[PDB]
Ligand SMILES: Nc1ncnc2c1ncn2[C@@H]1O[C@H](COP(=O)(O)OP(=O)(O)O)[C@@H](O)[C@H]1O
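A single chain comes next, written as structure tokens; it is the form deposited without the named molecule.
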């Protein structure tokens, strides 16, 4: 979400990339909306009526990631199969082991999964979107990411700006989230943010970006719990005994 110029530029970029069949790499921090951008690419493409499938590479160990992406065998179809005719979004790409990476490059270059057991190779037709916040070029240098894979995945790159670089959007989205929380708890009006609250909001780095902002603001509104005076206490850390 948001209206900072750097974010509008991302939306404009997405509008031009979506119609292509080429892979897209999204670089962004947690809570910047990577999967929502991936979804947007899908729905603005010619594949929009096909499936949108997502997988977080970081969540699974090596053998389970391999099975989940490429399938195993009557059969457990993998995510490439499930995304046939549509788009597959792979999050936390940097965590894919080197074996998975080489297999993925093959799927990209040849357009088919390999198969054992008398079964013919499975043909797939999938538009790929990946995301990470790693420095992939730095990983190539270290030997932890495949140069050949990154020589192909990154047809183009969509860089999502962290919230701390979109200070205009911080107060805009904070207001939006505060209003929704007021509705949820049945306060008549959002009474505003004090200048001390605004300083707290604008000074904080938001490592968790929009997701974190929404959480902080919702909690803060709930703890404040009144429309009679402006919200002064922004509860960044729920573990503090405030």
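Numbering follows the first chain given and starts at 1.
In what follows, reference is made to the form deposited with the named molecule bound, a form of this protein that is not presented.
Asker: Please classify the binding site as open or blocked after superposing the named molecule from its position in the entry with it bound; blocked means at least 3 ligand atoms come within 2.4 Å of backbone or C-beta atoms of this form.
Answerer: This form leaves the site blocked.
Asker: Indicate whether the named molecule has at least one heavy atom within 4.5 Å of a heavy atom of residue 42 in the entry with it bound.
Answerer: Contact check for residue 42: no, nothing within 4.5 Å of the named molecule in the entry with it bound.
Asker: At 4.5 Å between heavy atoms, is residue 64 in contact with the named molecule in the entry with it bound?
Answerer: So residue 64 does not count as contacting the named molecule.
Asker: Quick one: is residue 127 in contact with the named molecule in the entry with it bound, heavy atoms, 4.5 Å cut-off?
Answerer: Taking the distances in the entry with it bound, the answer for residue 127 is no, it never comes within 4.5 Å of the named molecule.
Asker: Please tell me whether any heavy atom belonging to residue 69 falls inside 4.5 Å of a heavy atom of the named molecule, as the geometry stands in the entry with it bound.
Answerer: Contact with the named molecule, no.
Asker: Given a 4.5 Å cut-off on heavy atoms, tell me which of 43 to 51, 196 to 204, 181 to 189, 26 to 34 is the interface stretch with the named molecule in the entry with it bound.
Answerer: Going through the listed ranges, the match is 26 to 34.
Asker: So the named molecule isn't shown here. In the entry with it bound, which residue out of 57, 174, 216, 210 has a non-hydrogen atom within 4.5 Å of it?
Answerer: Flagged contact: 210.
Asker: For a quick test of understanding: in the entry with it bound, does each of 105, 110 and 152 have a heavy atom within 4.5 Å of the named molecule?
Answerer: Per the other structure, none of 105, 110 and 152 touch the named molecule.
Asker: Select from 1 to 27 the residues with a non-hydrogen atom within 4.5 Å of the named molecule in the entry with it bound and write them out in sequence order.
Answerer: 1, 7 sit within 4.5 Å of the partner.
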